[PDB]
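Heads up, structure.cif below (mmCIF, C-alpha atoms and all ligand atoms):
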```cif
data_coords
#
loop_
_atom_site.label_atom_id
_atom_site.label_comp_id
_atom_site.auth_asym_id
_atom_site.auth_seq_id
_atom_site.Cartn_x
_atom_site.Cartn_y
_atom_site.Cartn_z
CA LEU A 1 2.73 3.79 -19.54
CA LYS A 2 6.37 3.03 -18.72
CA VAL A 3 7.16 0.23 -16.26
CA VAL A 4 10.07 -1.50 -14.56
CA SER A 5 10.54 -5.26 -14.09
CA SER A 6 10.55 -6.72 -10.58
CA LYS A 7 14.22 -7.55 -11.12
CA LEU A 8 15.24 -3.94 -11.79
CA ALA A 9 12.86 -2.80 -9.03
CA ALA A 10 14.94 -4.81 -6.56
CA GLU A 11 18.13 -3.33 -8.03
CA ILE A 12 16.74 0.19 -7.68
CA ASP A 13 15.89 -0.31 -4.01
CA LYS A 14 19.29 -1.87 -3.41
CA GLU A 15 21.03 1.11 -4.97
CA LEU A 16 18.88 3.75 -3.28
CA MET A 17 19.81 2.45 0.15
CA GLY A 18 23.39 1.64 -0.78
CA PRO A 19 26.44 3.56 0.61
CA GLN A 20 26.67 5.67 -2.55
CA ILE A 21 23.13 7.13 -2.54
CA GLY A 22 22.67 7.00 1.22
CA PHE A 23 18.87 6.80 1.53
CA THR A 24 17.60 5.16 4.72
CA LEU A 25 14.67 2.74 4.90
CA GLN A 26 13.05 5.05 7.46
CA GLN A 27 12.90 7.93 4.97
CA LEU A 28 11.72 5.93 1.97
CA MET A 29 9.05 4.08 3.95
CA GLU A 30 7.78 7.30 5.52
CA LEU A 31 7.57 9.00 2.12
CA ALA A 32 6.00 5.90 0.53
CA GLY A 33 3.39 5.51 3.27
CA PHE A 34 2.65 9.22 2.99
CA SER A 35 1.99 8.82 -0.74
CA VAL A 36 -0.52 6.03 -0.17
CA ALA A 37 -2.37 8.08 2.47
CA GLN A 38 -2.49 11.10 0.16
CA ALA A 39 -3.99 8.90 -2.64
CA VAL A 40 -6.70 7.61 -0.29
CA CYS A 41 -7.55 11.14 0.86
CA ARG A 42 -7.71 12.34 -2.75
CA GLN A 43 -9.83 9.38 -3.92
CA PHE A 44 -12.16 9.54 -0.89
CA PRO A 45 -12.37 13.23 0.16
CA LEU A 46 -14.07 13.85 3.50
CA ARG A 47 -15.58 17.18 2.43
CA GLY A 48 -19.35 16.98 2.11
CA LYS A 49 -19.82 13.57 3.72
CA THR A 50 -22.05 13.50 6.80
CA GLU A 51 -20.82 12.64 10.29
CA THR A 52 -22.41 9.19 9.96
CA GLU A 53 -20.62 8.61 6.66
CA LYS A 54 -17.36 9.82 8.22
CA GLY A 55 -17.78 7.27 10.98
CA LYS A 56 -16.63 4.50 8.65
CA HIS A 57 -13.09 3.16 8.98
CA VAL A 58 -10.19 2.71 6.58
CA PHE A 59 -9.22 -0.95 7.05
CA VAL A 60 -5.45 -1.32 6.56
CA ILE A 61 -4.11 -4.87 6.21
CA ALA A 62 -0.35 -5.01 6.75
CA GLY A 63 1.86 -7.83 5.48
CA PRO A 64 5.00 -9.13 7.28
CA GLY A 65 7.47 -7.24 5.10
CA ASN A 66 8.23 -3.91 3.43
CA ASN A 67 4.74 -3.56 1.91
CA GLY A 68 3.22 -3.90 5.37
CA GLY A 69 5.62 -1.30 6.72
CA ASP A 70 4.41 1.20 4.11
CA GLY A 71 0.90 0.44 5.34
CA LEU A 72 1.79 1.16 8.98
CA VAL A 73 3.03 4.61 7.93
CA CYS A 74 -0.06 5.17 5.77
CA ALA A 75 -2.34 4.43 8.71
CA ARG A 76 -0.72 7.15 10.85
CA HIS A 77 -1.06 9.82 8.15
CA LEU A 78 -4.70 8.85 7.57
CA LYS A 79 -5.36 9.37 11.26
CA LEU A 80 -3.75 12.82 11.03
CA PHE A 81 -5.74 13.51 7.85
CA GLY A 82 -9.02 12.99 9.70
CA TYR A 83 -9.88 9.38 8.87
CA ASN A 84 -10.62 6.46 11.20
CA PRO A 85 -7.90 3.95 10.29
CA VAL A 86 -7.86 0.42 11.71
CA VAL A 87 -4.85 -1.83 11.13
CA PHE A 88 -4.89 -5.63 10.82
CA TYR A 89 -1.32 -6.86 11.37
CA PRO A 90 -1.51 -10.71 11.49
CA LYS A 91 2.16 -11.67 11.06
CA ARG A 92 4.89 -9.49 12.56
CA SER A 93 8.60 -10.20 12.11
CA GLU A 94 10.01 -9.82 15.63
CA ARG A 95 13.46 -9.07 14.21
CA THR A 96 12.86 -5.83 12.29
CA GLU A 97 13.14 -2.94 14.75
CA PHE A 98 11.61 -0.24 12.57
CA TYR A 99 8.35 -2.19 12.17
CA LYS A 100 8.00 -2.33 15.96
CA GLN A 101 8.62 1.41 16.18
CA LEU A 102 6.01 2.06 13.49
CA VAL A 103 3.50 0.15 15.64
CA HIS A 104 4.34 2.22 18.70
CA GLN A 105 3.73 5.31 16.58
CA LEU A 106 0.24 3.99 15.78
CA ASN A 107 -0.50 3.46 19.49
CA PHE A 108 0.68 7.03 20.07
CA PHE A 109 -2.05 8.20 17.66
CA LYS A 110 -4.60 5.79 19.11
CA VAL A 111 -4.87 3.80 15.87
CA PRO A 112 -6.20 0.27 16.55
CA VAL A 113 -3.83 -2.57 15.61
CA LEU A 114 -5.58 -5.97 15.48
CA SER A 115 -3.87 -9.36 15.85
CA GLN A 116 -4.41 -12.53 13.80
CA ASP A 117 -7.02 -13.64 16.34
CA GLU A 118 -8.30 -11.35 19.12
CA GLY A 119 -9.37 -8.66 16.65
CA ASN A 120 -12.22 -10.37 14.74
CA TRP A 121 -10.97 -8.56 11.64
CA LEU A 122 -13.81 -9.94 9.49
CA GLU A 123 -16.21 -7.42 11.03
CA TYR A 124 -14.38 -4.78 8.98
CA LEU A 125 -15.30 -6.42 5.68
CA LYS A 126 -18.85 -5.06 5.97
CA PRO A 127 -19.96 -2.08 3.81
CA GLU A 128 -21.59 -0.13 6.64
CA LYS A 129 -18.42 -0.19 8.72
CA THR A 130 -15.60 0.34 6.23
CA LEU A 131 -15.01 3.16 3.71
CA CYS A 132 -12.19 1.40 1.88
CA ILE A 133 -9.55 -1.26 2.39
CA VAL A 134 -5.83 -0.71 2.03
CA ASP A 135 -4.07 -3.76 0.65
CA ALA A 136 -0.53 -3.64 2.01
CA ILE A 137 0.01 -7.41 2.23
CA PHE A 138 2.79 -8.16 -0.28
CA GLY A 139 4.87 -5.92 -2.52
CA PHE A 140 6.92 -6.31 -5.70
CA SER A 141 9.07 -8.93 -3.92
CA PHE A 142 6.10 -11.32 -3.87
CA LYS A 143 6.72 -14.86 -5.12
CA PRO A 144 4.00 -17.55 -5.34
CA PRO A 145 2.63 -19.69 -3.98
CA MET A 146 1.05 -17.62 -1.23
CA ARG A 147 0.93 -19.13 2.23
CA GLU A 148 -1.64 -18.88 5.02
CA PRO A 149 -3.06 -16.89 6.59
CA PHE A 150 -2.54 -14.51 3.67
CA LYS A 151 -4.09 -16.96 1.24
CA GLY A 152 -7.37 -16.96 3.16
CA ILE A 153 -7.20 -13.20 3.74
CA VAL A 154 -7.05 -12.56 -0.02
CA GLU A 155 -9.99 -14.92 -0.51
CA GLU A 156 -12.10 -12.96 1.99
CA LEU A 157 -11.12 -9.67 0.34
CA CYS A 158 -12.06 -10.90 -3.14
CA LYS A 159 -15.55 -11.77 -1.92
CA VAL A 160 -16.30 -8.14 -1.03
CA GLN A 161 -13.99 -6.24 -3.40
CA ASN A 162 -16.87 -5.34 -5.70
CA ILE A 163 -18.75 -3.64 -2.87
CA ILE A 164 -15.88 -2.26 -0.74
CA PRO A 165 -13.08 -0.44 -2.66
CA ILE A 166 -9.57 -1.84 -2.25
CA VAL A 167 -6.51 0.43 -2.48
CA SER A 168 -3.44 -1.69 -3.34
CA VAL A 169 0.01 -0.58 -2.25
CA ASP A 170 2.63 -0.83 -5.00
CA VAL A 171 1.12 -3.94 -6.64
CA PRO A 172 -2.12 -5.92 -6.14
CA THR A 173 -1.38 -8.68 -3.62
CA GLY A 174 -1.49 -12.09 -5.29
CA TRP A 175 -0.80 -10.76 -8.80
CA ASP A 176 2.30 -11.87 -10.68
CA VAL A 177 4.44 -8.73 -10.35
CA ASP A 178 5.61 -9.08 -13.96
CA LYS A 179 2.97 -11.28 -15.61
CA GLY A 180 -0.14 -9.87 -13.95
CA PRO A 181 -3.16 -11.59 -12.32
CA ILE A 182 -2.83 -15.36 -12.65
CA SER A 183 -4.26 -17.09 -9.58
CA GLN A 184 -8.01 -16.93 -8.92
CA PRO A 185 -9.81 -15.41 -7.23
CA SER A 186 -7.76 -12.31 -8.02
CA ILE A 187 -7.68 -8.89 -6.35
CA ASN A 188 -9.47 -6.21 -8.40
CA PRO A 189 -8.39 -2.93 -6.73
CA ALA A 190 -10.40 0.28 -7.05
CA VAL A 191 -7.09 2.10 -6.70
CA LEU A 192 -3.49 1.07 -7.37
CA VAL A 193 -0.69 3.15 -5.88
CA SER A 194 2.55 2.19 -7.59
CA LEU A 195 5.63 3.10 -5.57
CA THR A 196 8.83 4.54 -7.09
CA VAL A 197 7.82 3.25 -10.52
CA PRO A 198 4.98 0.96 -11.68
CA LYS A 199 5.75 -2.72 -12.22
CA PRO A 200 4.74 -4.74 -15.34
CA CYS A 201 1.60 -6.09 -13.68
CA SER A 202 0.23 -2.52 -13.55
CA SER A 203 -0.47 -2.66 -17.29
CA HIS A 204 -3.18 -5.23 -16.49
CA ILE A 205 -5.52 -2.85 -14.67
CA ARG A 206 -8.68 -1.49 -16.29
CA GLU A 207 -8.91 2.31 -16.26
CA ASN A 208 -12.68 2.03 -15.89
CA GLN A 209 -12.29 -0.16 -12.80
CA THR A 210 -9.04 1.11 -11.27
CA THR A 211 -7.58 4.58 -10.74
CA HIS A 212 -3.76 4.50 -11.01
CA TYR A 213 -1.38 6.66 -8.97
CA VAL A 214 2.40 6.56 -8.65
CA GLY A 215 4.13 7.64 -5.44
CA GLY A 216 7.56 7.91 -3.88
CA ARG A 217 8.89 11.29 -5.01
CA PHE A 218 12.63 10.80 -4.49
CA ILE A 219 14.04 9.88 -7.91
CA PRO A 220 16.47 12.11 -9.88
CA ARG A 221 16.44 12.24 -13.69
CA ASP A 222 19.73 10.50 -14.49
CA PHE A 223 18.94 7.68 -12.06
CA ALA A 224 15.52 7.04 -13.59
CA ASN A 225 16.88 7.18 -17.15
CA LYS A 226 19.54 4.67 -16.12
CA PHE A 227 16.74 2.26 -15.29
CA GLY A 228 14.76 2.88 -18.45
CA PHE A 229 12.22 5.45 -17.27
CA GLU A 230 11.70 9.18 -16.79
CA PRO A 231 11.01 10.76 -13.37
CA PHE A 232 7.27 11.39 -12.92
CA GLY A 233 5.82 14.88 -13.18
CA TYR A 234 4.41 15.21 -9.67
CA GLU A 235 2.31 18.38 -9.48
CA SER A 236 3.04 21.12 -6.95
CA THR A 237 4.22 19.54 -3.68
CA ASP A 238 2.18 16.34 -4.24
CA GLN A 239 3.72 12.98 -3.33
CA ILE A 240 1.43 11.24 -5.82
CA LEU A 241 0.58 11.72 -9.51
CA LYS A 242 -2.51 10.36 -11.25
CA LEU A 243 -1.14 7.79 -13.75
CL CL B 1 6.66 -7.25 1.01
#
```
Rewrite the structure of this file - the entire thing - as structure tokens.
Ligand SMILES: [Cl-]
Amino acid sequence: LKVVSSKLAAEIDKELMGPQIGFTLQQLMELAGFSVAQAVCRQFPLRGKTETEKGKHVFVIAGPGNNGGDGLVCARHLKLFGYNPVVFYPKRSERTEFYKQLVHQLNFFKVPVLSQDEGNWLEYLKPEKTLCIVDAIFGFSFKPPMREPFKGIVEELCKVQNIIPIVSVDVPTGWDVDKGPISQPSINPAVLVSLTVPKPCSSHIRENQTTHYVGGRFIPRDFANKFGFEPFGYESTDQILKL
């Protein structure tokens, strides 16, 4: 149960995409989004389920930053994996080119992308229509207080989180990245998919209530050790590891 502070997490990302290492946001985001999709597929296998059961959708809520981007990637892989993903993308930064491209990729795969209005997103918070919800609102760079419409979105999610499973990307939206859940109501994810390395707030989950996965398989030993942790033992060619 090793974790990295939000401060070091920012330093890691900065170094990974720095001139020395040379990683591009496109690569990391693609790999990260892939991880999340793989966790969803592993947690909610389609084998066995009836056609009616398979008709349910995977409701992906994308935030305006990096976390949301990871969600846009996740949605495309889920479509390829055989699921029926639906994306709710309320606030889009019209200055980040890659996010726009990720949306075009979703259109290419015929994955619905709802707006903050026209999409009546609330219809997807009903048990008979949604298999699980992917929480890709805010990542480790989150800093309270939370503003609308994300505040209200989290409220709506908390009302049905005990009936519909929520899969949180990197960290549970609304939680203090280092201190843990503070504000109430608070997200209680059925699954948490930490990216690169889990943050301090991850030690606040309950194993009986939340399954924990770590994703983002692109960290060498010496680099990890430099930041206080050991690279995770991903099995086979998996892009996720349980715990
Ligand atoms: Cl973010």
Contact residues around residue 203 of chain A with all atoms listed in the file at 10 Å, ignoring same-chain residues under 5 positions, as a VMD selection string = chain A and resid 1 to 3 178 to 180 198
May I have the residues within 6 Å of residue 138 of chain A as a ChimeraX atom specification, using all atoms listed in the file and disregarding those fewer than 6 positions away in the same chain?
-> /A:63,67,173
Contacts to ligand CL 1 (chain B) at 8 Å cut-off (only C-alpha atoms and all ligand atoms) as a PyMOL selection string | chain A and resi 63-68+137-142
Using all atoms listed in the file: which of A:57, A:217, A:47, A:147 has the shortest distance to residue 75 of chain A =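 Between A:57, A:217, A:47, A:147, the residue approaching residue 75 of chain A most closely is A:57.
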Please check which residues have atoms at most 6 Å from (0.6, 0.3, -4.6) in the file's coordinates, counting all atoms listed in the file, and write them as a ChimeraX atom specification.
-> /A:168-171,192-195
Write out as a PyMOL selection string each polymer residue whose atoms come within 8 Å of residue 216 of chain A, counting only C-alpha atoms; drop sequence neighbours fewer than 6 positions from it.
-> chain A and resi 28+31-32+35+195-196+239-240
